[PDB]
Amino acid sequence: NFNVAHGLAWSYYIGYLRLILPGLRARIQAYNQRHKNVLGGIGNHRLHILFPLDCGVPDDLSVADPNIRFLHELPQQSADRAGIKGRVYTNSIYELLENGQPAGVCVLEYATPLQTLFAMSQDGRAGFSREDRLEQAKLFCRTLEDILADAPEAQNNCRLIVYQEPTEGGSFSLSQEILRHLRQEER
């Protein structure tokens, strides 16, 4: 039984989003304070989560797209978690380039449960192919969104950036996709 998406959504919400999002805005503030009249401030205070519905996450997106560039990590959030003293949650600020110059800066990351789905389709078991990985990833996204619609505070502290990928041409820039979202929160 590989019907796993509902689990992934509730696990992501309770085990990460609802634990890390109430502290995010203060760790962005803290970082702005440490480098205020040097680095320049992060204005957008929401966590940007990439959701590639093919479940293709690279281990270093900075080296993936040359228009996405690691800036700094936020101040760490260390916490005792279920017997693990000092479990560490870290988050990263990235810069986005457009047509040469910089154009965006935000706290950004991939939705980690999509890696789970990815490993599941590669593990050699019988009834879980990319087809199923695809429908699981969309059910995951759907359920997580349903969950956030009933959590206004968490919904106001992050932004979900969902996209498929054309596996052919330059039909898609991920920086372009992120920049459009940042210019929608514009509003």
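Superpose the two forms; the largest set of C-alphas matching within 1.5 Å is the rigid core. The first residue of the shown sequence is 1; numbering continues from there.
Superposing on the core and measuring CA offsets in 4 other deposited structures of this protein, the stretch of 62-70 and 47-55 with the greater mean deviation is 62-70. The segment moving more, judged by mean Cα distance from this form in 4 other deposited structures of this protein after a core overlay, is 158-166 among 158-166 and 25-33. Modelled in this chain, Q101 is likewise resolved in all the other entries of the protein that span it on both sides, not missing from even a third of them. Among other compared entries that model residues flanking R87, every one gives it coordinates, keeping it clear of the one-third cutoff. As listed in the deposited structure, the average C-alpha B-factor of 159-167 and of 11-19 is greater for 159-167. As listed in the deposited structure, the average C-alpha B-factor of 168-176 and of 20-28 is greater for 168-176.
Of the candidates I49, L144, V63, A137, it is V63 whose Cα B-factor is highest according to the PDB record. The residue among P75, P113, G100, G86 whose C-alpha carries the highest B-factor in the deposited model is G100.
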